[PDB]
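Okay, query.cif now, which holds mmCIF, C-alpha atoms:
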```
data_start
#
loop_
_atom_site.label_atom_id
_atom_site.label_comp_id
_atom_site.auth_asym_id
_atom_site.auth_seq_id
_atom_site.Cartn_x
_atom_site.Cartn_y
_atom_site.Cartn_z
CA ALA A 7 109.37 114.39 103.45
CA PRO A 8 110.80 111.39 101.51
CA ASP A 9 109.40 110.21 98.17
CA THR A 10 106.77 107.69 99.25
CA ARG A 11 106.52 106.49 95.64
CA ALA A 12 110.12 105.41 95.61
CA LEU A 13 109.77 103.76 99.03
CA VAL A 14 106.68 101.74 98.11
CA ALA A 15 108.24 100.76 94.78
CA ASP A 16 111.55 99.67 96.31
CA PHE A 17 109.86 97.50 98.96
CA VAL A 18 107.30 95.90 96.63
CA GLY A 19 109.92 95.39 93.94
CA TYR A 20 112.25 93.91 96.55
CA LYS A 21 109.56 91.48 97.69
CA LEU A 22 108.45 90.45 94.18
CA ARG A 23 112.00 89.46 93.18
CA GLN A 24 112.70 87.81 96.51
CA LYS A 25 109.68 85.58 95.94
CA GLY A 26 110.42 85.06 92.25
CA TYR A 27 107.50 86.87 90.64
CA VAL A 28 109.73 89.39 88.85
CA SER A 29 113.34 89.65 87.63
CA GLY A 30 115.78 92.01 85.92
CA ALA A 31 116.43 95.69 86.55
CA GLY A 32 114.13 98.24 88.15
CA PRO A 33 113.11 99.19 91.70
CA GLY A 34 113.99 96.63 94.37
CA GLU A 35 116.90 95.31 92.36
CA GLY A 36 120.13 94.86 94.31
CA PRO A 37 120.77 96.64 97.63
CA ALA A 38 118.64 99.56 98.74
CA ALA A 39 120.21 102.91 97.91
CA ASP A 40 118.58 104.84 100.73
CA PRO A 41 118.54 104.04 104.45
CA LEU A 42 114.76 104.40 104.66
CA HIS A 43 114.48 101.86 101.86
CA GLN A 44 116.90 99.52 103.64
CA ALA A 45 115.05 99.88 106.93
CA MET A 46 111.71 98.95 105.37
CA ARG A 47 113.23 95.96 103.60
CA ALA A 48 114.66 94.78 106.91
CA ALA A 49 111.41 95.46 108.78
CA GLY A 50 109.53 93.39 106.20
CA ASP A 51 112.01 90.51 106.18
CA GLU A 52 111.87 90.42 110.01
CA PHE A 53 108.08 90.43 109.96
CA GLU A 54 107.85 87.56 107.45
CA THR A 55 110.51 85.42 109.16
CA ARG A 56 109.26 85.99 112.75
CA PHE A 57 107.26 82.76 112.99
CA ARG A 58 110.04 80.58 111.65
CA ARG A 59 112.68 82.12 113.99
CA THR A 60 110.30 81.76 116.94
CA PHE A 61 109.76 78.09 116.22
CA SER A 62 113.51 77.45 116.00
CA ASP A 63 114.16 79.37 119.18
CA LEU A 64 111.52 77.36 121.07
CA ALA A 65 112.76 74.05 119.60
CA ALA A 66 116.27 75.02 120.69
CA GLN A 67 115.29 76.01 124.25
CA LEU A 68 113.61 72.63 124.51
CA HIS A 69 117.05 71.41 125.56
CA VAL A 70 118.91 74.38 126.95
CA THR A 71 117.44 74.19 130.47
CA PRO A 72 114.06 72.72 131.52
CA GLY A 73 111.29 75.33 131.72
CA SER A 74 113.35 77.46 129.40
CA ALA A 75 111.21 76.74 126.35
CA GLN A 76 108.02 77.31 128.33
CA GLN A 77 109.31 80.68 129.61
CA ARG A 78 110.27 81.84 126.12
CA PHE A 79 106.84 80.73 124.81
CA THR A 80 105.25 82.92 127.49
CA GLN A 81 107.39 85.91 126.58
CA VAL A 82 106.62 85.69 122.85
CA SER A 83 102.92 85.01 123.49
CA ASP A 84 102.74 88.12 125.71
CA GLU A 85 103.77 90.20 122.65
CA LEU A 86 100.65 89.16 120.77
CA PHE A 87 98.62 90.76 123.52
CA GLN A 88 100.81 93.77 124.05
CA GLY A 89 101.56 94.23 120.37
CA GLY A 90 104.78 95.51 118.85
CA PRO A 91 105.64 99.19 118.39
CA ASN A 92 103.00 101.27 116.57
CA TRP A 93 105.52 101.36 113.73
CA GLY A 94 104.60 97.68 113.54
CA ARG A 95 101.25 98.42 111.89
CA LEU A 96 103.04 100.36 109.18
CA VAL A 97 105.36 97.40 108.61
CA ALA A 98 102.26 95.17 108.52
CA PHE A 99 100.76 97.53 105.94
CA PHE A 100 103.78 97.42 103.59
CA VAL A 101 103.92 93.63 103.91
CA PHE A 102 100.17 93.46 103.14
CA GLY A 103 100.61 95.64 100.07
CA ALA A 104 103.51 93.56 98.78
CA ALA A 105 101.50 90.36 99.29
CA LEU A 106 98.62 91.88 97.30
CA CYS A 107 101.09 92.53 94.49
CA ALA A 108 102.51 89.03 94.66
CA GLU A 109 99.05 87.40 94.44
CA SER A 110 98.26 89.72 91.48
CA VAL A 111 101.27 88.47 89.55
CA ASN A 112 100.33 84.96 90.69
CA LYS A 113 96.75 85.23 89.35
CA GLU A 114 97.85 86.92 86.13
CA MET A 115 96.54 90.39 86.99
CA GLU A 116 99.89 92.13 86.51
CA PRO A 117 98.45 95.62 86.01
CA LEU A 118 97.01 95.26 89.54
CA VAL A 119 100.58 95.57 90.87
CA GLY A 120 101.04 99.06 89.49
CA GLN A 121 97.71 100.20 90.90
CA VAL A 122 98.21 98.63 94.34
CA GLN A 123 101.43 100.62 94.67
CA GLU A 124 99.62 103.77 93.64
CA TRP A 125 96.87 103.10 96.19
CA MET A 126 99.60 102.57 98.77
CA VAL A 127 101.40 105.82 98.01
CA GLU A 128 98.12 107.68 98.14
CA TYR A 129 97.01 106.08 101.41
CA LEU A 130 100.31 107.02 103.06
CA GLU A 131 100.16 110.59 101.70
CA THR A 132 96.63 111.28 102.89
CA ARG A 133 95.59 108.82 105.60
CA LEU A 134 98.83 108.29 107.51
CA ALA A 135 100.32 111.73 106.97
CA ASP A 136 99.60 112.63 110.60
CA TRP A 137 100.10 109.19 112.13
CA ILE A 138 103.56 109.01 110.58
CA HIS A 139 104.65 112.54 111.37
CA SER A 140 103.33 112.05 114.91
CA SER A 141 105.16 108.77 115.60
CA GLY A 142 108.45 110.54 114.83
CA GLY A 143 108.39 110.62 111.05
CA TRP A 144 110.20 108.40 108.58
CA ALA A 145 113.48 109.43 110.21
CA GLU A 146 112.48 107.87 113.50
CA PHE A 147 111.43 104.75 111.55
CA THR A 148 114.82 104.49 109.85
CA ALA A 149 116.56 104.67 113.21
CA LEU A 150 114.65 101.84 114.84
CA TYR A 151 114.74 99.50 111.83
CA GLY A 152 117.61 100.53 109.55
CA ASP A 153 120.83 99.80 111.43
CA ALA B 7 84.99 77.80 133.29
CA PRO B 8 85.62 75.80 130.08
CA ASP B 9 87.93 72.81 129.85
CA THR B 10 90.92 74.62 128.36
CA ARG B 11 92.86 71.45 127.55
CA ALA B 12 89.95 70.16 125.50
CA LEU B 13 89.55 73.46 123.66
CA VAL B 14 93.24 73.61 122.80
CA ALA B 15 93.23 69.96 121.68
CA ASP B 16 90.16 70.49 119.51
CA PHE B 17 91.47 73.61 117.81
CA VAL B 18 94.97 72.28 117.15
CA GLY B 19 93.63 68.91 115.99
CA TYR B 20 91.15 70.64 113.70
CA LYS B 21 93.98 72.67 112.12
CA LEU B 22 96.42 69.73 111.75
CA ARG B 23 93.70 67.71 110.04
CA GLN B 24 92.54 70.59 107.89
CA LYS B 25 96.06 70.99 106.53
CA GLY B 26 96.79 67.28 106.08
CA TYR B 27 99.40 66.81 108.81
CA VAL B 28 97.34 64.20 110.65
CA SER B 29 94.27 62.07 109.94
CA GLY B 30 91.94 59.79 111.84
CA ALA B 31 89.83 59.88 114.97
CA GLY B 32 90.50 62.44 117.68
CA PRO B 33 90.02 66.06 118.73
CA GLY B 34 89.21 68.25 115.76
CA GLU B 35 88.05 65.41 113.51
CA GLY B 36 84.33 65.71 112.92
CA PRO B 37 81.72 67.94 114.55
CA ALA B 38 82.70 69.96 117.62
CA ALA B 39 80.69 68.83 120.64
CA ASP B 40 81.06 72.14 122.49
CA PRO B 41 79.87 75.54 121.13
CA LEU B 42 83.05 77.22 122.36
CA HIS B 43 85.11 74.75 120.30
CA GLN B 44 83.05 75.48 117.17
CA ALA B 45 83.44 79.21 117.75
CA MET B 46 87.22 78.96 118.01
CA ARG B 47 87.40 76.80 114.86
CA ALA B 48 85.36 79.41 112.93
CA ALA B 49 87.42 82.26 114.40
CA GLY B 50 90.65 80.60 113.37
CA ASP B 51 89.33 79.89 109.86
CA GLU B 52 88.32 83.55 109.35
CA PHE B 53 91.70 84.69 110.66
CA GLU B 54 93.74 82.42 108.43
CA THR B 55 91.70 83.10 105.27
CA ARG B 56 91.41 86.83 105.76
CA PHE B 57 94.19 87.77 103.35
CA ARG B 58 92.81 85.55 100.61
CA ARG B 59 89.27 86.82 101.11
CA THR B 60 90.56 90.42 101.08
CA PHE B 61 92.39 89.82 97.80
CA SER B 62 89.25 88.16 96.42
CA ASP B 63 87.09 91.16 97.37
CA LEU B 64 89.54 93.65 95.88
CA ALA B 65 89.88 91.65 92.60
CA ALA B 66 86.07 91.46 92.41
CA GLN B 67 85.80 95.23 92.79
CA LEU B 68 88.16 95.48 89.81
CA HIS B 69 86.23 92.88 87.80
CA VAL B 70 82.86 94.45 88.61
CA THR B 71 82.95 98.08 89.84
CA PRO B 72 86.58 99.19 89.23
CA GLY B 73 85.60 102.71 90.27
CA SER B 74 85.09 101.79 93.92
CA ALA B 75 88.20 99.55 94.25
CA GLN B 76 90.49 102.20 95.75
CA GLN B 77 87.79 102.97 98.31
CA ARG B 78 87.72 99.32 99.32
CA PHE B 79 91.50 99.20 99.71
CA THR B 80 91.30 102.27 101.97
CA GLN B 81 88.63 100.66 104.12
CA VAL B 82 90.64 97.48 104.59
CA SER B 83 93.85 99.46 105.24
CA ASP B 84 91.99 101.59 107.79
CA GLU B 85 90.86 98.43 109.56
CA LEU B 86 94.47 97.25 109.52
CA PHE B 87 95.65 100.32 111.45
CA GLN B 88 92.69 100.49 113.85
CA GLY B 89 93.82 97.02 114.92
CA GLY B 90 90.86 94.74 115.66
CA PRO B 91 89.13 93.91 118.97
CA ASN B 92 90.79 92.34 122.01
CA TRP B 93 89.39 88.92 121.08
CA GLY B 94 91.32 89.00 117.80
CA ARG B 95 94.58 88.73 119.76
CA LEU B 96 93.31 85.55 121.45
CA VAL B 97 92.40 84.14 118.02
CA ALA B 98 95.90 85.04 116.83
CA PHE B 99 97.32 83.17 119.84
CA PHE B 100 95.35 80.02 118.96
CA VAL B 101 96.43 80.30 115.30
CA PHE B 102 100.07 80.73 116.44
CA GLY B 103 99.93 77.70 118.73
CA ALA B 104 98.39 75.54 115.98
CA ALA B 105 101.09 76.72 113.52
CA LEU B 106 103.79 75.70 116.02
CA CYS B 107 102.25 72.22 116.27
CA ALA B 108 101.93 71.96 112.50
CA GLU B 109 105.57 72.95 112.07
CA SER B 110 106.59 70.45 114.79
CA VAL B 111 104.95 67.66 112.76
CA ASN B 112 106.38 68.91 109.47
CA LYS B 113 109.87 68.97 111.02
CA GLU B 114 109.55 65.57 112.65
CA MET B 115 109.60 66.95 116.19
CA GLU B 116 106.40 65.39 117.50
CA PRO B 117 107.25 65.82 121.21
CA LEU B 118 106.95 69.56 120.72
CA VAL B 119 103.25 69.15 119.78
CA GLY B 120 102.37 67.89 123.25
CA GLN B 121 104.62 70.50 124.85
CA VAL B 122 103.07 73.38 122.92
CA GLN B 123 99.55 72.30 123.86
CA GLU B 124 100.50 72.16 127.57
CA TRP B 125 102.15 75.59 127.28
CA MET B 126 99.03 76.97 125.63
CA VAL B 127 96.82 75.54 128.39
CA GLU B 128 99.03 76.96 131.17
CA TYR B 129 99.18 80.30 129.45
CA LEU B 130 95.39 80.51 129.13
CA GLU B 131 94.65 79.27 132.66
CA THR B 132 97.24 81.36 134.46
CA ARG B 133 98.93 84.08 132.43
CA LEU B 134 95.87 85.13 130.46
CA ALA B 135 93.06 84.32 132.93
CA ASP B 136 92.62 87.95 133.96
CA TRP B 137 92.84 89.23 130.40
CA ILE B 138 90.05 86.85 129.26
CA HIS B 139 87.88 87.81 132.25
CA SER B 140 88.52 91.52 131.53
CA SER B 141 87.66 91.09 127.86
CA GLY B 142 84.31 89.68 128.94
CA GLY B 143 84.90 85.96 129.54
CA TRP B 144 84.63 82.84 127.35
CA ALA B 145 80.83 83.10 127.12
CA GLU B 146 81.13 86.45 125.31
CA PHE B 147 83.76 85.17 122.92
CA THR B 148 81.50 82.23 122.02
CA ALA B 149 78.57 84.59 121.51
CA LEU B 150 80.65 86.84 119.26
CA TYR B 151 82.30 84.11 117.18
CA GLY B 152 79.80 81.25 117.21
#
```

Could you rewrite the structure in this file as structure tokens?
Amino acid sequence: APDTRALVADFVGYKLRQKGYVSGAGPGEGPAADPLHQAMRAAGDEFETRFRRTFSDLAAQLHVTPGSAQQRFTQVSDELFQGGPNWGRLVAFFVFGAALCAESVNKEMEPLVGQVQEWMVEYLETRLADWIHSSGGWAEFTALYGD
Amino acid sequence: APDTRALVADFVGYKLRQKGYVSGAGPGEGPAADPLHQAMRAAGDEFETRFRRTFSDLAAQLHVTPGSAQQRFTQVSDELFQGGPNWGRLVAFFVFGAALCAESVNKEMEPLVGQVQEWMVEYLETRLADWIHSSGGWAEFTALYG
């Protein structure tokens, strides 16, 4: 199994720099050097930009053909009630963790960042060990999200 | 059955006002006249402040009982994977619709506000009618969230 530590740290570090809470070298700096890392980055970016893309799509449709925007609204709304893949809750979790880190840096509790990551690693190692391995493992994840 | 148009108007108007996009008389300004409306407003408030309240609770564990902070994170994470009740998806739908309207105003596309509200009403009355009935009807929602 992949080094969860290095995954968590790449994603969180990626997000912190993206948002401007951190800078310079270290994890999350420049491109991901590991397809699992790249897949999680992409999963997280997709997750956080979903609302904005949806709005633009609906605004666009509003003058493709009539009824077109309403039909797309129905399709996207259906997803809220179906849900996304189960892998979606893992993406949600990483995004949640990274947001906890960002707020930490924002409220001047920098050491909280290091411990959030540690809590993340440990949760994935113990709690989701079976959920992850079941769903197809990290390899399956990297296929669906990584390109 | 509740007046869906009025519920949608109240919730979206409440949110637009709460975030400063509109002001003045109209749905969502002032007390809700219908218990279902008040329940949805409260549901949507809880939903949209949940991250901030979670961060507040975690930071307070650190500032008070650091030893049980990891436990708390695990509990919240657990809850995140369980994935809440059916009604939580309906709350998410109302929050989503309000966010579309808010973004329509922000982006100077006011027509879309009226269109999104009509789409929400049609969705609730037709597409989601069975799902709401199955989940126990509007009365149950109101009881749970009000």

### Message
Within 8 Å of chain B, which residues belong to chain A? Use all atoms listed in the file and report them as a VMD selection string.
### Response
chain A and resid 61 65 76 79 to 80 83 86 to 87 95 to 96 99 106 109 125 129

### Query
Please, what distance in Å, to one decimal, runs between CA of residue 144 (chain B) and CA of residue 36 (chain B)?
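Spanning CA of residue 144 (chain B) to CA of residue 36 (chain B) is a straight-line distance of 22.4 Å.
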
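Within 6 Å of the point (111.0, 99.4, 91.7), counting only C-alpha atoms, the protein and nucleic acid residues come to residues 15, 16, 19, 32, 33 and 34 of chain A.
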
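CA of residue 114 (chain B) to CA of residue 25 (chain A) spans 26.1 Å [interatomic distance, one decimal].
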
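CA of residue 93 (chain A) to CA of residue 38 (chain A) spans 20.0 Å [interatomic distance, one decimal].
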
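Put simply, the PyMOL selection byres ((chain B and resi 21) around 10) in this file takes in residues 15, 16, 17, 18, 19, 20, 22, 23, 24, 25, 26, 27, 28, 34, 35, 47, 50, 51, 101, 104, 105, 107 and 108 of chain B.
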
### Query
the PyMOL selection byres ((chain A and resi 9) around 12) on the file shown: which residues, as a PyMOL selection string?
chain A and resi 7-8+10-16+40+42-43+127-128+130-131+144

### Task
Extract, using only C-alpha atoms, all DNA, RNA and protein residues at most 9 Å from region 149-151 of chain B, discarding same-chain residues fewer than 5 positions from it, and format them as a ChimeraX atom specification.
/B:42,44-46,48-49,144

### Task
Would you mind listing what lies within 12 Å of residue 98 (chain A) as a count of residues only, with only C-alpha atoms counted and same-chain residues fewer than 2 positions away left out?
26

If you take every atom of region 50-65 of chain B that the file lists and fit an axis-aligned box around them with 8 Å extra on each side, what centre and edge lengths come out in Å to one decimal, as AutoDock Vina command-line options?
```
--center_x 90.6 --center_y 86.8 --center_z 103.0 --size_x 23.1 --size_y 29.8 --size_z 36.8
```
